[PDB]
Asks: 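The structure under discussion is supplied below as structure tokens; questions concerning it will follow.
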Amino acid sequence: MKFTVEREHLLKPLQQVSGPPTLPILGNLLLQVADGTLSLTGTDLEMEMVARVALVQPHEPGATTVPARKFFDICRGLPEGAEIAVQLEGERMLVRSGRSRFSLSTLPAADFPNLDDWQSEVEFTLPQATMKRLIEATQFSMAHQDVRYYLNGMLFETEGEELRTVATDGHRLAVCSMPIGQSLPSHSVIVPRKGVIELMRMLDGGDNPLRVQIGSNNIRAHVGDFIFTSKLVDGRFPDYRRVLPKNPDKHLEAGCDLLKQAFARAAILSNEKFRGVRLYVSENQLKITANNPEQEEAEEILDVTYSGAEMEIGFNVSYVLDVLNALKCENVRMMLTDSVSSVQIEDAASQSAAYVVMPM
Amino acid sequence: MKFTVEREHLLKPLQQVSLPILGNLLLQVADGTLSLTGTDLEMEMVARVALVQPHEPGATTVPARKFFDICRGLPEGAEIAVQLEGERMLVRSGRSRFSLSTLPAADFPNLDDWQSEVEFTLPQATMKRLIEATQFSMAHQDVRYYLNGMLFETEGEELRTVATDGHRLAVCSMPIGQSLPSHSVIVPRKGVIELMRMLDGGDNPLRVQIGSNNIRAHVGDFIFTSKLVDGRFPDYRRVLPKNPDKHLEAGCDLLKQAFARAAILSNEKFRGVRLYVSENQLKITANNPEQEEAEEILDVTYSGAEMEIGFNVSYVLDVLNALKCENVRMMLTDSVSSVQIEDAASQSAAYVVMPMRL
Ligand SMILES: O=C(O)[C@@H]1CCc2c([nH]c3ccc(Cl)cc23)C1
Ligand SMILES: O=C(O)[C@@H]1CCc2c([nH]c3ccc(Cl)cc23)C1
Ligand SMILES: [Ca+2]
Ligand SMILES: [Ca+2]
Ligand SMILES: [Ca+2]
Ligand SMILES: [Ca+2]
Ligand SMILES: [Cl-]
């Protein structure tokens, strides 16, 4: 196995396959030269990233595996415009560039683990920006290491011509739907949180569309010369329609950033553990208050657009702040029911995403 | 106690000054001025804010982080009105209102009174240069408490800083245009850190006052006071190589990148790399317990006898990152002697690294 490639053609592929073990070979990248292509594979047994690099210079076929981080750190450490000559010699991989020479240990390619083979049941294409939008709008609401394993991940749902993401930790929910202009079956799967992070990581910028394949136990995303494959999560994800308030007809509208800074200041004097704040809504006005065990108190009063009846309601302020930070918009709509029911929150200008927060 | 001040006039003082009372700030309105004091019993920062708006005298202490966070959270340009109300401190700005707990100003601890024995003034930029050049070589929580800080030494018209962790050494000296007594003190590392951040590098001169057990630095509206480390510092002069007659000179960044690349395949604990020096050429090699190997060859300026020497690559990279210059000189003797490292174009800072037998 031999190849010579430009540093700049190696960097991003290495970065993509490198991110991230007790089982050593999982710390290695599989390198394959075949049919004028270098393939770079990294895996953790649950998910897999494969990058393909075209070889325009002389090369020889073969396969090996090398320490991922070390190989990446060596390539990144080399100067702008460096040319990187690699060859398998003995049980070592030789890396040469200029007068820099490196000899890395290898583990046999035959030892590199493969995911189980599977069949694609559902397929579609969508813009990179759309997938980015879907993930960023909901990602923050996924659970972290909850015993309900199905919540430590993100639902991806196809319905009509819409792709939808749902994330919830049992206390708050985020949902976002986008048109992708294809007739899709009605289907949903849960992608593990690590898979979601990796999927987000591969976009990227630029105008490369994303190709998605969904199997009974796997998801695959093709973008450019990268292929990401993940296992799915078992379990019955909650139905976002049961979480959305059935009729939240008390509509409050306020500047997103003004609203956020008011909640953030009030948050300073909220209970450090429970983070509770009270909202007092009345005609065109919102009052936010907070207090802690040591009798410290915050009060914020804002002008808002509100014509409904007056009500009081308590919330975990971090949850509200999460939502407002996730809304990169000018105005927010808060949709209320009563003092003991959840609130729906949306961008005043768009219904594409919805956020639900339970009262305290 | 009562005052009304613009948010932005509080932010820098608050940043600078930031038992539970040690988590509070002492606030004092007196003679047209707001004073804010923070302390951890070892050191203290006092900031002064001129009060152009109507005010009423008094003193209290409030939670530092909360009060800072409230002020920083309010909108740019906001006016912040503060008054005492029983056991509480009221903070108002627009339609935002905050009631904070207080602890008595009488309970706020003071550093012991002391006499200034040695004094000098120097540009802030000079003090910043002195500390930056050496700071990274201070020990962290070493049993030898006298190394967990930085030596400040006066001699003739020069101020010198020394820092060592018992393994490598940094030294920096600058003339300051004033005749000084021959003296030296050890400033605790947290004190060094605080002093550093008190300096904007600007046009306000820095006044330093040193007592038998304390040091004080005054810059414009800020006064920093710290206890000294009461111990003996090692003599730096004994560690400098007697007569290093083998000077290698090379571009700092190229030298650094070569070492940083070779370091990847060096021992993770002991970080030894080898140098082979020959006429106008340097070869760096590294290997680890897995027998992975790195080699770097680069052009340098060198005309001395051919030699080989090993160093901790982490220590050398620290030096090269601190130097931030165009060209570096490595002053070599032999394989069993330490190396002195300097900016090729300045003797003001010098760094010593021990030899390694690899
Ligand atoms: O499977 C579960 O335990 C559900 C997870 C999602 C969820 C449950 N109760 C909720 C109440 C409010 C919100 Cl926002 C989400 C949930 C229960
Ligand atoms: O008091 C001590 O223990 C000394 C601290 C300074 C020091 C010791 N051995 C060293 C070796 C190299 C350098 Cl640069 C400093 C020291 C021992
Ligand atoms: Ca209703
Ligand atoms: Ca509260
Ligand atoms: Ca002296
Ligand atoms: Ca070595
Ligand atoms: Cl080699």
Side-chain angles (χ1 to χ4, degrees), chain A residues 70 101-103, chain B residues 117-118 120 130 134 136-157 159-176 178-186 210 229 231-242 244 258-276 282-296 308-319 322 331 333 335-341 349-358:
Chain A
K70 290 178 191 173
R101 295 169 59 89
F102 306 88
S103 183
Chain B
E117 299 297 349
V118 12
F120 52 88
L130 288 156
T134 59
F136 75 90
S137 292
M138 301 190 291
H140 310 256
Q141 287 156 55
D142 191 310
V143 294
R144 301 111 94 204
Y145 65 96
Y146 50 87
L147 301 178
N148 303 326
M150 176 179 291
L151 188 78
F152 281 73
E153 183 191 328
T154 51
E155 202 191 41
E157 293 174 30
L159 178 54
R160 172 169 39 254
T161 59
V162 188
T164 182
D165 54 6
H167 302 296
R168 35 80 185 277
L169 177 134
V171 43
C172 191
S173 315
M174 300 285 275
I176 66 165
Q178 305 150 84
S179 184
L180 314 154
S182 291
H183 191 60
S184 76
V185 297
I186 303 172
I210 298 171
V229 182
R232 278 191 202 256
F233 203 81
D235 185 9
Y236 78 89
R237 300 153 184 87
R238 296 184 61 80
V239 153
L240 306 166
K242 223 205 106 303
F259 277 125
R261 284 190 303 271
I264 300 160
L265 302 189
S266 78
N267 186 286
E268 290 184 23
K269 280 209 82 214
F270 298 100
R271 300 278 284 175
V273 301
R274 256 153 128 164
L275 275 68
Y276 300 86
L282 166 60
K283 180 162 71 177
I284 302 158
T285 73
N287 49 76
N288 59 23
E290 312 101 279
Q291 300 291 291
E292 296 171 326
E293 294 176 297
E295 180 192 288
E296 295 280 350
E308 150 208 316
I309 188 163
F311 305 127
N312 184 302
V313 74
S314 286
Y315 294 163
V316 178
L317 287 165
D318 290 345
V319 172
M331 306 159 67
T333 297
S335 63
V336 288
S337 307
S338 65
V339 59
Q340 190 167 143
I341 310 170
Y351 303 88
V352 189
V353 169
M354 289 310 109
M356 282 182 72
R357 190 66 177 100
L358 296 165

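The chains referred to below are lettered A, B, ... by the order of the sequence lines, with proteins before strands, and numbering in each begins at 1. Ligands are counted one by one from 1 in listed order, and the atoms in each one are counted from 1 as well. Scope of the values below: all heavy atoms of this structure, side chains included, with no hydrogens, waters or symmetry mates.
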Asks: Is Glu153(B) close enough to the Ca ion (ligand 5) that one of its N, O or S atoms comes in under 3.0 Å?
Replies: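 True for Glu153(B).
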
Asks: Should we count CZ of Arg271(B) as having more than 12 external heavy atoms under 6.0 Å?
Replies: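 It does: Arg271(B) CZ has more than 12 such atoms within range.
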
Asks: Can you sort out which atoms of ligand 2 are near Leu169(B), meaning under 4.0 Å from one of its heavy atoms?
Replies: 14 (Cl)

Asks: Heavy atoms only: which of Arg144(B), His167(B), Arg232(B) is nearest to atom 2 (C) of ligand 2?
Replies: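 Checking each option, the heavy atom nearest atom 2 (C) of ligand 2 is found in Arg144(B).
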
Asks: Could you check atom 10 (C) of ligand 2 against the protein and tell me its nearest heavy-atom contact, residue, atom and distance included?
Replies: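 Result for atom 10 (C) of ligand 2: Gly166(B) O, 3.0 Å.
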
Asks: Under 4.0 Å, heavy-atom basis, I'd like to know which part of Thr164(B) is in contact with ligand 2: side chain, backbone, both or neither.
Replies: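 Looking at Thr164(B) and ligand 2, just side chain atoms fall under 4.0 Å.
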
Asks: Can you name the closest pair of heavy atoms from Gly272(B) and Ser266(B) and give their distance?
Replies: O-CB, 3.8 Å

Asks: For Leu151(B), run the side-chain contact (heavy atoms from CB on, under 4.5 Å) check against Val229(B), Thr164(B), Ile186(B) and tell me which one passes.
Replies: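 Single side-chain contact (heavy atoms from CB on, under 4.5 Å) partner of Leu151(B) among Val229(B), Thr164(B), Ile186(B): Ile186(B).
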
Asks: Taking distance alone, with no angle check, do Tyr146(B) and ligand 2 share an N/O pair under 3.5 Å?
Replies: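 Between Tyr146(B) and ligand 2, an N or O pair is found under 3.5 Å apart.
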
Asks: Would you name the heavy atoms of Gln340(B) and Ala350(B) that are closest together and state the gap between them?
Replies: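 For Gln340(B) and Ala350(B), the tightest heavy-atom pair comes out as OE1-CB, 3.6 Å.
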
Asks: As an exercise, state the distance from CD1 of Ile176(B) to OG1 of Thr154(B), rounded to the nearest 0.5 Å.
Replies: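 It is 8.0 Å, given to the nearest 0.5 Å.
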
Asks: Looking at CE of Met150(B) and CZ of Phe233(B), how far apart are the two atoms once the value is rounded to the nearest 0.5 Å?
Replies: 8.5 Å

Asks: Going by the order shown, which atoms of ligand 2 are within less than 4.0 Å of some heavy atom of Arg168(B)?
Replies: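 Checking each atom against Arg168(B), I get 14 (Cl).
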
Asks: Is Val352(B) near ligand 2, meaning one of its heavy atoms is under 4.0 Å from it?
Replies: no

